[PDB]
Amino acid sequence: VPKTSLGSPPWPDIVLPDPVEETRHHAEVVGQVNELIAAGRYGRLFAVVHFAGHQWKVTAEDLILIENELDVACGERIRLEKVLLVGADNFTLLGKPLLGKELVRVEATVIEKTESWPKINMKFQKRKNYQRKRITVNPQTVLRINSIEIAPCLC
Amino acid sequence: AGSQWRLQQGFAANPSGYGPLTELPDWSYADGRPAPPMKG
Amino acid sequence: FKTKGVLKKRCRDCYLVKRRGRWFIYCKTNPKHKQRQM
Amino acid sequence: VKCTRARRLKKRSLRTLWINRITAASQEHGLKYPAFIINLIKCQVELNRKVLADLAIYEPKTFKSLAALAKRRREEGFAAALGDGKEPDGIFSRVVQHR
Amino acid sequence: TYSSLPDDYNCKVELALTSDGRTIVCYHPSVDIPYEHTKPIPXXXXXXXXXXXXXXXXXXXXXXXXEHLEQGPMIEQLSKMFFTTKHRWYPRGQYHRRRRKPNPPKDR
Amino acid sequence: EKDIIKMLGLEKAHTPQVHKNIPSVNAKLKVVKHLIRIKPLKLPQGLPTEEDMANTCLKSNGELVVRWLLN
Amino acid sequence: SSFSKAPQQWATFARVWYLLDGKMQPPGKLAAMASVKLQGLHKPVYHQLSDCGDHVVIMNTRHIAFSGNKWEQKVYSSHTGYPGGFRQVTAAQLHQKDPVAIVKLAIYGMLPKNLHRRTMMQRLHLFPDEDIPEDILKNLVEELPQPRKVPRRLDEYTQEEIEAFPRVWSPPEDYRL
Amino acid sequence: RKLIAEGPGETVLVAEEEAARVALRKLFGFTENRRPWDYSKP
Amino acid sequence: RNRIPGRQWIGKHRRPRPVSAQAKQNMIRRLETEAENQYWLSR
Amino acid sequence: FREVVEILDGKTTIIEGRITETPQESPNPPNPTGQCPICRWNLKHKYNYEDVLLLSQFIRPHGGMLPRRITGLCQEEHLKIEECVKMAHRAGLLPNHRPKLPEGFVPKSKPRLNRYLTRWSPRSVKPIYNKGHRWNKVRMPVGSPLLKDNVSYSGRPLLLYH
């Protein structure tokens, strides 16, 4: 097998380190990070949060509008639970496909229960004489994310 | 996409079906009071 | 010359030659055997 | 009427916009779209395309890490299929279950 | 000592996986730009507008520039400046100006 | 064909439904076999007792699980 | 990360000047990426109603490579609008007359068909050889990878690699070459 | 030869200006990345 | 300037449209599923 | 490689054969059992028109093909090599092997158009004025179908028509 434009697969060859070296390297990296967390040196967290059928990018102090009614008294403080991603400037924590509750916590507040503005759904036919007009209103709920809190523990 | 691989591992075709994703009750009261259950 | 769908050597001195993306029959002995594939 | 048919279209439009964004940042790391997305899935990371695209605009760091992840997993897959044996599980090739 | 992508740019990037296995982690410190890869700041300021005889005459000589062209030619140069076609640069009609939102919304 | 499918309760697509593996039914399934996907049920933990009724889930491999999501 | 507002936004939507070398490249594979970069589809911030598109300078335009015989059978047509004013031209001829044309048509025909094509056609600069106004030289940000790997002629190979490649067949001595 | 901060601009002048803005911000601790404010009841 | 006589897909003369490699795939895929089906319907 | 030499001396003419050294096949073939020079070197379905180092091994100093019976290639690989040679030539590779003609370097024509994967001769091809719509297309041929058996790392079969 000499070097012909075919005989050599046209793409860079692959090397992945031995799993033991990587196990060490990993425990190392995780530890270092866990020390950044123990320290509290992360400035501001964001987290990608699954909620109410959607995914959102959440940071503290902010606002999202949920399309369905949630039963909570206005003003209640609420622990969002499903968290896919977490992040901070230096480093980032990723759920498969979720994070342990103990690993992170996000507390948001329900701000406003409301009704959506009128939407207009109109079906129509050509010269079959069929119009149907409907006006729809959707119950909506606005939450303010209060705090993203990250606890030290990771292994 | 990605239905195939998901299937071969034995998950749902869709990430919405029956995964822990959908199953868990996504919020609680901060007090710890377990939230009213979900319609889905 | 002639233009044809089908060539055939009409004699011994007839021969078969590909020029300008076509087939030709060229013949020295007779000109009349000249044929051109269409 | 046009308003309503549009209401249904709007979601397609958004998804395409998204996908192209994702594609763009993926390219910036020398990685095509489909490879990125699937090999991101195979790591048991369910992320929306919405939130993906916003991780590409407002979180270049986090994102570059994501593409590295998927890249890692992909090559680990090339070696997984080329190796032709059951023993190796790439460190990221493993399939976790819920608890 | 392995990352899939060069640490040339953005972040040096560390993927890792929890010994549990239910969590991926990432350590990404910003990679700052090397003093070698930099070139000095351009410094250009030169004043010849000063005439040796009278310097109020000379300091009134930098306020002495202004000019007038026609619509067509001006538009040509304008569009050769910002690399647009000749079309963007024509007025809009009365009706069209009327309806520009008087108080447009602002985020942030 | 339509009405085979109607009397199979296969009305709504991509939805699993269960049926006897007896031949009486295989008549019907044989009629529509190109419209459908059949796969054998499997019961690894075995059959549900009454206590396990609210906890039973169905995985796409064609398997039934009795205890779903302990604590 | 922390910038004031005006500068921050100016940074995000900043135009870029890209350079692309054409020597020995298919006008098609060139225009593909040329068009990408023109529409602004390499920028994750991209949106259609947003003005983003980046300048592109292609150089060594005369040195286009055309796969197949395409030089011979690809014809470019156009019409004056006058009766019998219709014009069919072999690609070879056209490029003979005006080096720039071939590539320009590829890129043009490759953009979406709305108005902004006309406008992004402005940010496209095309040079037969490498002769560039030091104006346009000055603002060049970055070089793009050549979209095809050009085959070397026989004469490029080092004798090291010539020897390195094994002799496949042993010729008979008697035979003359 | 360490990079303290950096900035974007329409001219070299305004650039220096803004990189300076940045530098100042990281110095004083007013930065987007900074911990968002506490609200708690001790 | 090459035209189709009458209606596109209808008469004794039709727009020619060719089979796709895609199409070959889809068909095989269905055939696969149905081979499996008529297996599980056997016993 | 036997050079034929001719001498004109004083109304007498000498014509004689003289043998040069034929380089030898490299020591160790991968498929020694293999038959055709290509096939024992594991080169089948690998070499493309883009391999000179392989190709220049069968041809003549003035660029033409070798006789097969001399090279002894499986008829198939002979035809393949033939096409690839013509292609590489048209591709303006092996500039060395153009026949040497002292007068003809002078008469400039427009700098030769750089082309590759060219199956036909540039003089024969007629320009296709008529394109044709999506359902009847005139496909501009690329590469040679003789090469359709080269291995595809992509899995995408090579595209012979556009």
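When the chains are written out, they are named A, B, C, D, E, F, G, H, I and J in that same order, and each has its own residue count from 1.
Note that in this section contacts are C-beta pairs under 8 Å (C-beta built on N, C-alpha and C of every residue); 3 or more make two chains touch, one makes a residue touch a chain.
S.K.: Could you tell me which chains make contact with chain F and chain H both?
M.R.: Touching chain F and chain H alike: no chains returned.
S.K.: Measure off the straight-line distance from the CA centroid of chain B to the CA centroid of chain H, and report it in whole Å.
M.R.: Centre-to-centre distance between chain B and chain H: 41 Å.
S.K.: Just how far, in Å, is the C-alpha centre of chain J from the one of chain A?
M.R.: 59
S.K.: Mind checking the centre-to-centre distance between chain E and chain I? Centres are C-alpha means, answer in whole Å.
M.R.: For chain E versus chain I, the centre distance works out to 55 Å.
S.K.: Could you give the separation in Å between the centres of chain A and chain C, each centre being the mean of its C-alpha atoms?
M.R.: 78
S.K.: Quick one: which residues in chain G touch 2 or more of the other chains?
M.R.: Within chain G, the residues that touch at least two other chains are 1, 165-166.
S.K.: At which residue positions does chain D touch at least two other chains?
M.R.: 43, 45-46, 61-62, 65, 69, 75, 91, 96, 98
S.K.: Give me the residue numbers in chain C that touch at least two other chains, ranges are fine.
M.R.: none
S.K.: If we use the touch criterion from the header, which chain pairs count as touching?
M.R.: A-B, A-D, A-E, A-G, A-H, A-J, B-D, B-F, C-J, D-E, D-G, E-G, E-H, F-I, G-H, G-J, I-J
S.K.: For chain I, which residues are in contact with chain J within the complex?
M.R.: 1-2, 4, 15-17
S.K.: Touching residues of chain A toward chain D in the complex: what are they?
M.R.: Against chain D, chain A makes touches at 14, 16, 19, 22-23, 26, 46, 48, 54-57, 84-85, 87, 89, 92, 94-97, 119-124.
S.K.: Can you tell me which positions in chain J touch chain I when the two form their complex?
M.R.: 130, 132-133, 135-136
S.K.: Which of the residues in chain G end up touching chain E in this complex?
M.R.: By the definition above, chain G touches chain E via 5, 55, 118-119, 122-123.
S.K.: Which bits of chain D are touching chain A when the two form their complex?
M.R.: So the residues of chain D in touch with chain A come to 1, 3-4, 7, 43-48, 50-51, 54-55, 58-59, 61-62, 65, 69, 75-76, 78-79, 90-91, 96.
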